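Scroll down for the structure; my scribbles are underneath it.
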Amino acid sequence: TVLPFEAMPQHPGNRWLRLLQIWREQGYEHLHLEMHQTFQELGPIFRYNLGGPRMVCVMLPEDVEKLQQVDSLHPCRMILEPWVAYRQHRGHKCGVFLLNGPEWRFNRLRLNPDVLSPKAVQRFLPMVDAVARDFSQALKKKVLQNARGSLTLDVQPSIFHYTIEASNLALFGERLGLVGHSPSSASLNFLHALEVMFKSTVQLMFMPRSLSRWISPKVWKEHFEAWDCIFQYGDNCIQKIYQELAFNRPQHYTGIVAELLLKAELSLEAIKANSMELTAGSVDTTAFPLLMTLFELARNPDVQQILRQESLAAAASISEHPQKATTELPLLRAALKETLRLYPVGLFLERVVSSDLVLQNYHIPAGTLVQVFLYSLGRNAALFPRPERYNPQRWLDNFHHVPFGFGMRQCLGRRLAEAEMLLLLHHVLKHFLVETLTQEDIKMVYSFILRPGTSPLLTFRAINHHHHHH
Amino acid sequence: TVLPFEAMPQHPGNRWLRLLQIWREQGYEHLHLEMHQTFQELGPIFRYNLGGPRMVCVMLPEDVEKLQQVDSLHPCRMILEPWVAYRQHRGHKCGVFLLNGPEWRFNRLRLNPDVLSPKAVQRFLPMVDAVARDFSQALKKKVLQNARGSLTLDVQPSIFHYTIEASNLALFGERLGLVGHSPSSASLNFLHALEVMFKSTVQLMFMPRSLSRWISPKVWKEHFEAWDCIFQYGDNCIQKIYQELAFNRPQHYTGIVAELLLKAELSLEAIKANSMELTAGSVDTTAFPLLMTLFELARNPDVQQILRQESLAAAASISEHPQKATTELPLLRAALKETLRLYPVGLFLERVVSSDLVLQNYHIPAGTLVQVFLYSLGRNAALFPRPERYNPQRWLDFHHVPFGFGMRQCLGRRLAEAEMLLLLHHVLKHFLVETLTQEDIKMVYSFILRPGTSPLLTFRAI
Ligand code: HEM
Ligand code: HEM
Ligand SMILES: C[C@]12CC[C@H]3[C@@H](CCC4=CC(=O)CC[C@@]43C)[C@@H]1CC[C@@H]2C(=O)CO
Ligand SMILES: C[C@]12CC[C@H]3[C@@H](CCC4=CC(=O)CC[C@@]43C)[C@@H]1CC[C@@H]2C(=O)CO
């Protein structure tokens, strides 16, 4: 009664034809649209002619729920070779994202309490909030210098500097001075290295190393250089804290990586490695969903008014105890789910499943690469009535919200990312109206992360006309 | 009783690794060895994965005999895309090698009588004989100036110029003056261009234009430039003969191309296209086996004597009538067959078959590309006892298919054999040929199969 694997419809692509297109185009910007169309054509599940091993593409919660059941003690993902290649080339340990098996669980169990748990959030949220305030304040100052009490900009650079600053405070306990000031040359280089790293990832990611070694030798060279610059940026941060904590163990909280070095449950190389993942990880992944949310508010001003109404009503509580924003801004929290439904930074969830199972009435063998395309998932009209509509209310009225993945491998940085996102939006909403003429869809572009190919011109208009009061 | 097509064993590799390998290596020099060890391993027949299109590889006479029986009235080979693309880019017509169908046959039928018929041969062979006599006489003059009455050299340059000179006289009635003299800048440019054309052909024939068009745009530019140089050489030859004939029609034989022009059974554009195939196709194809024959004679001094004695015996009659060379040197003719068994200039015959057939008890559907690999065919120790032995005698008695078969068999075969034969004849009469370099020469595939090195040969005057 259950259909066999080969009964499953097939993506009509040769791994080779896409291999060669990636070599030619130096990327794969339209992946999300290719998969989306393929589900449009073949229905909610299909397989892909991969270089041997089975691979299946799904888009329904049902399938995620099932997929979580099959998570062993050690859930597993496809090795990301270019990234792992770098660590081995320079002698570095791999952090959680690149670890599988017991080394992974061991790390993860020693990182959850200080990065993801609610006790941790209670401690870093006020640090984030200070940065969120300083962003708004800086922007309001520029706004009130203008005769019309507004500023019209590409907000992207300043949002990226916001996430570098908020993350570095939460992770290392240091203010970099990047909010309300110009980018440092270190921050610009870091941003560029991340972008080159991500792009070159897409180029090396869809072929085996044996082939790419001689087909794309200078893409490897590019990718390692990018990593080298990312690693220098992170090692600078680690050296400063490590020397500081060698001489004085503070009595109070000074961030997430301090908790890890004080406890010293993980080894130094293991802390270094996980700290690089948190530093590299905390910039683009949070920045683009913020930009997208600003964009959707800008062109859904009625939804914007509702969210402001809420944020104005909680201003007093959140001024007094910043932690209360997590519970007192449910509609804004819901807006974020809405942004990640439409614009999922992580395009697909992925497991190399360790046991036979059944998705969609098809038999899925042990060792099958299963991928969950969140882009299509979020646009299923039967589960998301009017999926084109940006409607945060839809979450107030289970496995529908899974942009951070699921289970024990669920995003380690979820609560930091949410904190950063929510608090910046909260303070912006209290002080500014946000507007655009660009009322039409921003094309998303896939380059390991899913990101806008365009930044809209947004206008921030002071409601009040006072630098502090909202 | 008939195994269906997919029963048949399968080459391990895939066409994408292949083309990437070629993009990286800038060639495919081992194609012969690879296919050979594939035959050992998988048997006397296998299919290659073209991902839909059907391709079979074979190595047995048995299989060639039935490949011919399924020759139509219009036997088809695969579109050699790089070569046809040059013709299109410059506005030229295709000659017989690149034609299929009724147009192929219309050209071919008007080409055989003057290019390949025994009557054609008797007219051009004495010309070829004059050039081959100049070769040995030039060499004898140099050889005798040395105190040990011998010259040791790499002969490849001079032999290539011989074939240029011999083909040109036979084809156009012109002596270029390249035998017993220096290469000219035209001849060296010609040889260089031919070498780049062949190399670049290998770089393009193994992928669709739609991939090579951006995988290898520089290789396309290289290819067409080589062709330009080749067409310029050939066009100079054509413009000359064309002008001479417009002013005076000979009453005597002045070569192959003249007969085509005088008869005007084919169009001007058609004569030109075929004249370029002949001109471009009569240098490297003939020169390499000639070298390999020189080399194998040097290795096997016992077989060289037998051939010498034959040529000394027939010298007088051949000087009287050079046309008797065909009939009076049966051992030297056999020699050539033996050179071509071991060192086939063209590595595979090819037919895109037009009816269904069966080979090795497999069903082979219409539209399949059947390739016969002559390098392996010739080394079947089961069919040529002591396969590495250079033995002309085994040909005195469908094993001899290095010029292919059917209506499509090599159009230049008699001109090629005549050039090879006469040169060896005049050399054997006057010199012993020797080397210390006894080891097998590695062959290399760049569209023509050819020696990768050139052994140093000593010519000692008798
Ligand atoms: C909105 C922003 C973010 C999104 C949408 C996101 C999404 C994801 C997703 C889908 C996964 C895979 C989960 C799974 O396989 O179940 C993941 C893993 C991970 N994320 Fe995030 N993430 C974000 C922000 C961050 C930040 C800021 C950090 C660093 C502080 C971070 C660190 C990580 C790490 C270390 C993992 C690996 C988890 C493991 O293997 O144990 N993420 N994230
Ligand atoms: C010993 C030297 C040569 C060898 C081994 C050789 C071999 C071949 C082979 C194997 C073919 C394919 C035949 C088939 O598919 O049945 C061929 C075709 C052809 N050869 Fe040669 N060839 C040689 C010399 C020449 C020369 C000197 C010329 C021109 C002067 C020439 C002109 C051609 C032409 C025009 C074709 C195409 C015939 C057609 O498709 O109708 N060949 N040759
Ligand atoms: C989100 C993501 C997994 C988590 C990473 C993120 C890119 C930034 C990043 C860098 C790290 O060193 C740690 C993991 C991480 C935060 C990836 C981009 C796409 C990928 C996925 O979507 C897998 O589901
Ligand atoms: C011999 C050959 C077919 C005939 C051509 C030859 C290469 C040189 C050449 C150029 C021409 O303009 C006419 C045909 C020809 C003489 C080819 C090299 C390999 C190929 C084959 O192996 C046929 O199967």
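Residue names in the structure tokens use chain letters A, B, ... in the order shown, residue numbers from 1 in each chain, and ligand numbers from 1 in the order shown.
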Residue hits in chain A, query chain B, radius 9 Å, only C-alpha atoms, as a compact mmCIF listing (two decimals) with N, CA, C and O atoms, in the first residue's frame:
# COMPACT_ATOMS: atom_id res chain seq x y z
N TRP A 16 24.83 17.24 -13.91
CA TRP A 16 25.88 17.80 -14.76
C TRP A 16 25.48 19.08 -15.41
O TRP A 16 26.28 19.99 -15.50
N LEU A 20 27.39 22.67 -14.71
CA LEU A 20 28.06 23.41 -15.76
C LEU A 20 27.53 24.81 -15.81
O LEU A 20 28.27 25.75 -16.07
N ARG A 24 29.56 28.29 -15.37
CA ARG A 24 29.37 29.39 -16.31
C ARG A 24 28.87 30.66 -15.62
O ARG A 24 29.51 31.68 -15.69
N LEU A 211 36.71 17.05 -8.40
CA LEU A 211 36.47 17.70 -9.67
C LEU A 211 36.75 19.22 -9.59
O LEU A 211 37.46 19.78 -10.44
N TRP A 214 40.41 21.00 -9.84
CA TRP A 214 41.04 21.36 -11.13
C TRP A 214 40.14 22.09 -12.10
O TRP A 214 40.64 22.74 -13.00
N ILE A 215 38.82 22.00 -11.93
CA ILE A 215 37.89 22.84 -12.67
C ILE A 215 37.86 24.29 -12.19
O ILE A 215 37.78 25.21 -13.00
- Message: Give me, as an MDAnalysis selection string, the residues of stretch 146-307 of chain A that a backbone DSSP run labels helix (DSSP H, G or I).
- Response: chainID A and resid 156:172 185:205 209:215 217:247 256:263 268:281 284:299 301:307
- Item | Spatial neighbours of residue A:158, max dist 10 Å, only C-alpha atoms, sep filter under 2 positions, as a PyMOL selection string | chain A and resi 135+139+153-156+160-164+178-183+287
- Message: Let me make sure I understand: among A:123, A:221, A:299, A:451, which one has the smallest atom-to-atom distance to ligand 3 if we use only C-alpha atoms and all ligand atoms?
- Response: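 Going through A:123, A:221, A:299, A:451 one by one, the smallest distance to ligand 3 is for A:451.
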- Using DSSP on the backbone coordinates, identify all residues within stretch 217-352 of chain B classified as strand (DSSP E or B); present the result as a PyMOL selection string. chain B and resi 348-352
- Query: Can you tell me, as a PyMOL selection string, what residues are no more than 9 Å from residue B:129 when counting only C-alpha atoms, ignoring any on the same chain fewer than 2 positions away?
  - Reply: chain B and resi 124-127+131-134+166+322-323+418-419+422-423+426
- Correct to one decimal, the distance atom 42 (N, counted along the ligand's line) of ligand 2-atom CA of residue B:281 is 5.7 Å
- Note on the structure: Atom pair atom CA of residue B:444 + atom CA of residue B:234, distance 26.9 Å
Produce as a CSV table (one decimal) with N, CA, C and O atoms, in the first residue's frame the set of residues near ligand 3, where near means within 6 Å with only C-alpha atoms and all ligand atoms considered.
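Result file follows (selection_21.csv):
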chain,number,residue,atom,x,y,z
A,97,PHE,N,28.0,23.7,13.7
A,97,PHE,CA,27.3,23.6,12.4
A,97,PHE,C,27.9,22.5,11.5
A,97,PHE,O,27.3,21.8,10.8
A,277,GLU,N,31.9,30.5,14.6
A,277,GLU,CA,30.7,30.2,14.0
A,277,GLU,C,29.7,31.3,14.4
A,277,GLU,O,28.9,31.8,13.6
A,280,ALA,N,30.7,34.8,12.6
A,280,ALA,CA,30.4,34.7,11.2
A,280,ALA,C,28.9,34.6,11.0
A,280,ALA,O,28.4,35.1,10.0
A,281,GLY,N,28.2,33.9,11.9
A,281,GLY,CA,26.8,33.6,11.7
A,281,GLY,C,25.9,34.6,12.0
A,281,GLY,O,24.7,34.6,11.5
A,346,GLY,N,17.4,30.9,5.4
A,346,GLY,CA,17.9,29.6,5.1
A,346,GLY,C,16.8,29.0,4.2
A,346,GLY,O,15.6,28.9,4.7
A,347,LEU,N,17.1,28.8,3.0
A,347,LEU,CA,16.2,28.3,2.0
A,347,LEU,C,15.7,26.9,2.3
A,347,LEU,O,14.5,26.6,2.3
A,348,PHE,N,16.6,26.0,2.6
A,348,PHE,CA,16.1,24.6,2.9
A,348,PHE,C,16.7,24.0,4.2
A,348,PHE,O,17.9,24.2,4.5
A,349,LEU,N,15.8,23.2,4.9
A,349,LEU,CA,16.2,22.4,6.0
A,349,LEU,C,16.7,21.1,5.4
A,349,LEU,O,16.3,20.7,4.3
A,350,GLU,N,17.7,20.5,6.1
A,350,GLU,CA,18.3,19.3,5.5
A,350,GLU,C,18.7,18.2,6.5
A,350,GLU,O,19.4,18.5,7.5
A,448,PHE,N,23.8,30.9,-1.0
A,448,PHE,CA,23.9,30.2,0.3
A,448,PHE,C,23.0,30.6,1.3
A,448,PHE,O,22.3,29.8,1.9
A,449,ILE,N,22.9,31.9,1.5
A,449,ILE,CA,21.8,32.5,2.2
A,449,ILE,C,20.8,33.0,1.2
A,449,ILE,O,21.2,33.3,0.0
- Query: Which residues sit within 7 Å of ligand 1, counting only C-alpha atoms and all ligand atoms, listed as a PyMOL selection string?
  - Reply: chain A and resi 96-99+108+277-279+281-283+285-286+289+340+344-346+349-350+403-414+416-418
- Message: Env of residue B:192: 10 Å cut, atoms = only C-alpha atoms, seq-sep filter 5 positions within chain, self excluded. Answer as JSON, numbers by chain.
- Response: {"B": [186, 187, 197, 226, 229, 230]}
For the selection just defined, write its residues with C-alpha atoms to a file, as a PDB file, in the first residue's frame.
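Below you can see again.pdb, which holds the result:
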ATOM      1  CA  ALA B 186      54.342  28.589 -46.914  1.00  0.00           C
ATOM      2  CA  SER B 187      55.101  24.913 -46.363  1.00  0.00           C
ATOM      3  CA  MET B 197      43.680  22.142 -36.795  1.00  0.00           C
ATOM      4  CA  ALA B 226      44.209  27.201 -38.628  1.00  0.00           C
ATOM      5  CA  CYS B 229      45.779  29.343 -43.180  1.00  0.00           C
ATOM      6  CA  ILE B 230      44.892  25.962 -44.708  1.00  0.00           C
TER       7      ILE B 230
END
Restrict the calculation to only C-alpha atoms and all ligand atoms, then for each residue of chain B with any atom at most 10 Å from an atom of ligand 4 give the closest atom pair and their distance in Å to one decimal, rows by chain and rising residue number, as JSON lines.
{"residue": "B:77", "atom": "CA", "partner": "ligand 4", "partner_atom_place_in_ligand_line": "24 (O)", "distance": 8.8}
{"residue": "B:83", "atom": "CA", "partner": "ligand 4", "partner_atom_place_in_ligand_line": "12 (O)", "distance": 8.9}
{"residue": "B:94", "atom": "CA", "partner": "ligand 4", "partner_atom_place_in_ligand_line": "12 (O)", "distance": 9.7}
{"residue": "B:95", "atom": "CA", "partner": "ligand 4", "partner_atom_place_in_ligand_line": "12 (O)", "distance": 7.9}
{"residue": "B:96", "atom": "CA", "partner": "ligand 4", "partner_atom_place_in_ligand_line": "13 (C)", "distance": 7.7}
{"residue": "B:97", "atom": "CA", "partner": "ligand 4", "partner_atom_place_in_ligand_line": "14 (C)", "distance": 5.6}
{"residue": "B:98", "atom": "CA", "partner": "ligand 4", "partner_atom_place_in_ligand_line": "13 (C)", "distance": 8.2}
{"residue": "B:194", "atom": "CA", "partner": "ligand 4", "partner_atom_place_in_ligand_line": "8 (C)", "distance": 8.9}
{"residue": "B:197", "atom": "CA", "partner": "ligand 4", "partner_atom_place_in_ligand_line": "8 (C)", "distance": 9.9}
{"residue": "B:198", "atom": "CA", "partner": "ligand 4", "partner_atom_place_in_ligand_line": "7 (C)", "distance": 8.0}
{"residue": "B:273", "atom": "CA", "partner": "ligand 4", "partner_atom_place_in_ligand_line": "12 (O)", "distance": 8.9}
{"residue": "B:274", "atom": "CA", "partner": "ligand 4", "partner_atom_place_in_ligand_line": "12 (O)", "distance": 7.9}
{"residue": "B:275", "atom": "CA", "partner": "ligand 4", "partner_atom_place_in_ligand_line": "12 (O)", "distance": 8.7}
{"residue": "B:276", "atom": "CA", "partner": "ligand 4", "partner_atom_place_in_ligand_line": "12 (O)", "distance": 6.4}
{"residue": "B:277", "atom": "CA", "partner": "ligand 4", "partner_atom_place_in_ligand_line": "12 (O)", "distance": 3.3}
{"residue": "B:278", "atom": "CA", "partner": "ligand 4", "partner_atom_place_in_ligand_line": "13 (C)", "distance": 5.9}
{"residue": "B:279", "atom": "CA", "partner": "ligand 4", "partner_atom_place_in_ligand_line": "12 (O)", "distance": 7.3}
{"residue": "B:280", "atom": "CA", "partner": "ligand 4", "partner_atom_place_in_ligand_line": "12 (O)", "distance": 5.2}
{"residue": "B:281", "atom": "CA", "partner": "ligand 4", "partner_atom_place_in_ligand_line": "10 (C)", "distance": 3.8}
{"residue": "B:282", "atom": "CA", "partner": "ligand 4", "partner_atom_place_in_ligand_line": "16 (C)", "distance": 6.5}
{"residue": "B:283", "atom": "CA", "partner": "ligand 4", "partner_atom_place_in_ligand_line": "8 (C)", "distance": 8.3}
{"residue": "B:284", "atom": "CA", "partner": "ligand 4", "partner_atom_place_in_ligand_line": "8 (C)", "distance": 7.3}
{"residue": "B:285", "atom": "CA", "partner": "ligand 4", "partner_atom_place_in_ligand_line": "8 (C)", "distance": 6.3}
{"residue": "B:286", "atom": "CA", "partner": "ligand 4", "partner_atom_place_in_ligand_line": "16 (C)", "distance": 9.0}
{"residue": "B:344", "atom": "CA", "partner": "ligand 4", "partner_atom_place_in_ligand_line": "22 (O)", "distance": 8.2}
{"residue": "B:345", "atom": "CA", "partner": "ligand 4", "partner_atom_place_in_ligand_line": "1 (C)", "distance": 6.3}
{"residue": "B:346", "atom": "CA", "partner": "ligand 4", "partner_atom_place_in_ligand_line": "22 (O)", "distance": 3.1}
{"residue": "B:347", "atom": "CA", "partner": "ligand 4", "partner_atom_place_in_ligand_line": "22 (O)", "distance": 4.9}
{"residue": "B:348", "atom": "CA", "partner": "ligand 4", "partner_atom_place_in_ligand_line": "24 (O)", "distance": 4.9}
{"residue": "B:349", "atom": "CA", "partner": "ligand 4", "partner_atom_place_in_ligand_line": "24 (O)", "distance": 3.8}
{"residue": "B:350", "atom": "CA", "partner": "ligand 4", "partner_atom_place_in_ligand_line": "24 (O)", "distance": 5.7}
{"residue": "B:351", "atom": "CA", "partner": "ligand 4", "partner_atom_place_in_ligand_line": "24 (O)", "distance": 9.0}
{"residue": "B:371", "atom": "CA", "partner": "ligand 4", "partner_atom_place_in_ligand_line": "24 (O)", "distance": 8.5}
{"residue": "B:372", "atom": "CA", "partner": "ligand 4", "partner_atom_place_in_ligand_line": "24 (O)", "distance": 8.4}
{"residue": "B:373", "atom": "CA", "partner": "ligand 4", "partner_atom_place_in_ligand_line": "24 (O)", "distance": 9.0}
{"residue": "B:374", "atom": "CA", "partner": "ligand 4", "partner_atom_place_in_ligand_line": "22 (O)", "distance": 8.9}
{"residue": "B:402", "atom": "CA", "partner": "ligand 4", "partner_atom_place_in_ligand_line": "22 (O)", "distance": 8.3}
{"residue": "B:403", "atom": "CA", "partner": "ligand 4", "partner_atom_place_in_ligand_line": "1 (C)", "distance": 7.5}
{"residue": "B:404", "atom": "CA", "partner": "ligand 4", "partner_atom_place_in_ligand_line": "24 (O)", "distance": 6.9}
{"residue": "B:408", "atom": "CA", "partner": "ligand 4", "partner_atom_place_in_ligand_line": "23 (C)", "distance": 9.9}
{"residue": "B:409", "atom": "CA", "partner": "ligand 4", "partner_atom_place_in_ligand_line": "23 (C)", "distance": 9.1}
{"residue": "B:410", "atom": "CA", "partner": "ligand 4", "partner_atom_place_in_ligand_line": "4 (C)", "distance": 7.1}
{"residue": "B:411", "atom": "CA", "partner": "ligand 4", "partner_atom_place_in_ligand_line": "16 (C)", "distance": 8.4}
{"residue": "B:412", "atom": "CA", "partner": "ligand 4", "partner_atom_place_in_ligand_line": "16 (C)", "distance": 7.4}
{"residue": "B:413", "atom": "CA", "partner": "ligand 4", "partner_atom_place_in_ligand_line": "16 (C)", "distance": 9.4}
{"residue": "B:416", "atom": "CA", "partner": "ligand 4", "partner_atom_place_in_ligand_line": "16 (C)", "distance": 9.9}
{"residue": "B:445", "atom": "CA", "partner": "ligand 4", "partner_atom_place_in_ligand_line": "19 (C)", "distance": 9.7}
{"residue": "B:446", "atom": "CA", "partner": "ligand 4", "partner_atom_place_in_ligand_line": "18 (C)", "distance": 8.8}
{"residue": "B:447", "atom": "CA", "partner": "ligand 4", "partner_atom_place_in_ligand_line": "19 (C)", "distance": 5.5}
{"residue": "B:448", "atom": "CA", "partner": "ligand 4", "partner_atom_place_in_ligand_line": "18 (C)", "distance": 4.5}
{"residue": "B:449", "atom": "CA", "partner": "ligand 4", "partner_atom_place_in_ligand_line": "19 (C)", "distance": 7.6}
Once you have the residues from the selection above, write them out as a compact mmCIF listing (two decimals), in the first residue's frame, restricted to N, CA and C atoms.
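Dumped everything to part.txt:
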# COMPACT_ATOMS: atom_id res chain seq x y z
N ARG B 77 28.16 9.09 -42.02
CA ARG B 77 29.01 9.24 -40.84
C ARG B 77 28.47 10.40 -39.96
N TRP B 83 34.49 21.14 -38.32
CA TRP B 83 34.88 21.28 -39.71
C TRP B 83 33.78 21.86 -40.56
N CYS B 94 30.75 22.09 -48.72
CA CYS B 94 31.41 20.93 -48.11
C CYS B 94 31.84 19.97 -49.19
N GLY B 95 33.02 19.38 -49.01
CA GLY B 95 33.51 18.35 -49.89
C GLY B 95 33.11 16.98 -49.38
N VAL B 96 33.60 15.94 -50.03
CA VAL B 96 32.97 14.64 -49.89
C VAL B 96 33.05 14.04 -48.47
N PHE B 97 34.14 14.30 -47.75
CA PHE B 97 34.27 13.78 -46.40
C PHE B 97 33.17 14.29 -45.44
N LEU B 98 32.68 15.50 -45.69
CA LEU B 98 31.74 16.14 -44.79
C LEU B 98 30.32 16.18 -45.35
N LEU B 194 48.04 22.73 -40.10
CA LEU B 194 47.44 21.38 -40.06
C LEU B 194 47.52 20.79 -38.65
N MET B 197 45.04 22.53 -36.40
CA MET B 197 43.68 22.14 -36.80
C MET B 197 43.26 20.81 -36.17
N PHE B 198 44.18 19.85 -36.21
CA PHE B 198 43.91 18.50 -35.70
C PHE B 198 43.76 18.54 -34.18
N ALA B 273 35.94 22.80 -52.96
CA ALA B 273 35.74 22.18 -51.69
C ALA B 273 36.48 20.84 -51.63
N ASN B 274 36.34 20.03 -52.68
CA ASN B 274 37.02 18.74 -52.76
C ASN B 274 38.50 18.90 -52.95
N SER B 275 38.92 19.89 -53.74
CA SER B 275 40.34 20.16 -53.89
C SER B 275 41.01 20.51 -52.56
N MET B 276 40.30 21.22 -51.68
CA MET B 276 40.79 21.48 -50.30
C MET B 276 40.83 20.22 -49.42
N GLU B 277 39.91 19.28 -49.62
CA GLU B 277 39.96 18.05 -48.82
C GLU B 277 41.23 17.27 -49.22
N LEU B 278 41.40 17.12 -50.53
CA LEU B 278 42.56 16.44 -51.09
C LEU B 278 43.88 17.08 -50.68
N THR B 279 43.92 18.41 -50.66
CA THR B 279 45.16 19.13 -50.43
C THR B 279 45.51 19.06 -48.96
N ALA B 280 44.51 19.23 -48.11
CA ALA B 280 44.71 19.21 -46.68
C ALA B 280 44.87 17.78 -46.16
N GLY B 281 44.40 16.82 -46.95
CA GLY B 281 44.28 15.45 -46.51
C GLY B 281 45.39 14.58 -47.02
N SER B 282 46.39 15.18 -47.64
CA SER B 282 47.42 14.40 -48.31
C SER B 282 48.84 14.66 -47.81
N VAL B 283 48.94 15.29 -46.65
CA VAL B 283 50.22 15.57 -46.06
C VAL B 283 50.46 14.60 -44.90
N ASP B 284 49.68 14.75 -43.82
CA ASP B 284 49.95 14.06 -42.53
C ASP B 284 49.50 12.61 -42.56
N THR B 285 48.41 12.36 -43.29
CA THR B 285 47.88 11.03 -43.44
C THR B 285 48.90 10.10 -44.09
N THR B 286 49.60 10.60 -45.09
CA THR B 286 50.58 9.82 -45.82
C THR B 286 51.96 9.81 -45.15
N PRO B 344 47.43 2.46 -37.53
CA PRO B 344 46.38 3.00 -38.39
C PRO B 344 46.22 4.51 -38.22
N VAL B 345 46.47 5.27 -39.29
CA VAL B 345 46.36 6.72 -39.27
C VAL B 345 45.03 7.20 -38.71
N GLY B 346 43.96 6.57 -39.14
CA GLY B 346 42.63 6.86 -38.65
C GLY B 346 42.23 5.71 -37.76
N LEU B 347 41.96 6.05 -36.51
CA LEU B 347 41.83 5.14 -35.41
C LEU B 347 40.54 4.36 -35.48
N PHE B 348 39.45 5.01 -35.86
CA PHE B 348 38.17 4.31 -35.96
C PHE B 348 37.41 4.59 -37.24
N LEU B 349 36.84 3.55 -37.83
CA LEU B 349 35.82 3.71 -38.85
C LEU B 349 34.55 4.05 -38.11
N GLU B 350 33.55 4.57 -38.83
CA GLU B 350 32.34 5.08 -38.21
C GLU B 350 31.18 5.07 -39.20
N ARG B 351 30.01 4.61 -38.73
CA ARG B 351 28.78 4.59 -39.53
C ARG B 351 27.62 4.86 -38.62
N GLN B 371 31.07 2.40 -34.21
CA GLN B 371 32.47 2.77 -34.46
C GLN B 371 33.32 1.51 -34.45
N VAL B 372 34.11 1.29 -35.50
CA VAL B 372 35.11 0.19 -35.54
C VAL B 372 36.55 0.66 -35.17
N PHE B 373 37.10 0.18 -34.06
CA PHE B 373 38.45 0.62 -33.66
C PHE B 373 39.54 -0.25 -34.23
N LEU B 374 40.24 0.30 -35.22
CA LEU B 374 41.22 -0.43 -35.99
C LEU B 374 42.51 -0.70 -35.22
N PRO B 402 42.03 -0.42 -43.09
CA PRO B 402 42.53 0.88 -42.61
C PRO B 402 42.15 2.07 -43.52
N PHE B 403 41.66 1.78 -44.72
CA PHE B 403 41.06 2.78 -45.57
C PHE B 403 39.55 2.63 -45.55
N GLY B 404 39.01 1.94 -44.55
CA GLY B 404 37.58 1.68 -44.49
C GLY B 404 37.09 0.76 -45.62
N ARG B 408 32.27 4.57 -49.62
CA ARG B 408 32.91 5.62 -48.83
C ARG B 408 34.40 5.36 -48.53
N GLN B 409 34.91 4.19 -48.89
CA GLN B 409 36.32 3.92 -48.66
C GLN B 409 37.17 5.11 -49.12
N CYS B 410 38.33 5.24 -48.48
CA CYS B 410 39.23 6.34 -48.72
C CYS B 410 39.35 6.65 -50.19
N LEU B 411 39.01 7.88 -50.55
CA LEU B 411 39.15 8.36 -51.93
C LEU B 411 40.62 8.58 -52.33
N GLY B 412 41.51 8.78 -51.36
CA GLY B 412 42.92 9.05 -51.69
C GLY B 412 43.85 7.86 -51.62
N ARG B 413 43.28 6.68 -51.52
CA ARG B 413 44.02 5.50 -51.15
C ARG B 413 45.10 5.17 -52.16
N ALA B 416 47.76 7.86 -51.99
CA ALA B 416 48.53 7.60 -50.78
C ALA B 416 49.50 6.43 -50.94
N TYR B 445 47.00 10.32 -30.03
CA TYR B 445 45.80 10.67 -30.78
C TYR B 445 45.56 12.16 -30.77
N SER B 446 45.77 12.82 -31.91
CA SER B 446 45.12 14.12 -32.16
C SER B 446 44.44 14.02 -33.49
N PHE B 447 43.30 13.33 -33.47
CA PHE B 447 42.39 13.11 -34.62
C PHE B 447 42.98 12.16 -35.64
N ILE B 448 44.23 12.37 -36.02
CA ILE B 448 44.97 11.34 -36.72
C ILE B 448 45.77 10.67 -35.63
N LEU B 449 46.04 9.37 -35.78
CA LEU B 449 46.90 8.66 -34.83
C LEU B 449 48.32 8.83 -35.34
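Non-sequential neighbours of residue A:328 (distance at most 9 Å, separation of 4 or more positions within a chain, only C-alpha atoms) are residues 310, 311, 314, 317, 318 and 324 of chain A.
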- For atom CA of residue B:295 and atom CA of residue B:176, quote the distance in Å rounded to one decimal.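 Straight-line distance from atom CA of residue B:295 to atom CA of residue B:176 works out to 26.9 Å.
Residues with any atom within 8 Å of residue B:338, counting only C-alpha atoms and excluding same-chain neighbours fewer than 5 positions away, are residues 390, 391, 392 and 395 of chain B.
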Take the residues that were just selected and, keeping C-alpha atoms, output them as a short mmCIF file (atom, residue, chain, number, x, y, z; two decimals), in the first residue's frame.
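Output below, filename part03.cif:
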data_model
loop_
_atom_site.label_atom_id
_atom_site.label_comp_id
_atom_site.auth_asym_id
_atom_site.auth_seq_id
_atom_site.Cartn_x
_atom_site.Cartn_y
_atom_site.Cartn_z
CA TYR B 390 56.14 -6.74 -38.19
CA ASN B 391 55.54 -9.38 -40.84
CA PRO B 392 54.71 -8.32 -44.37
CA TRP B 395 49.38 -10.33 -46.58
#
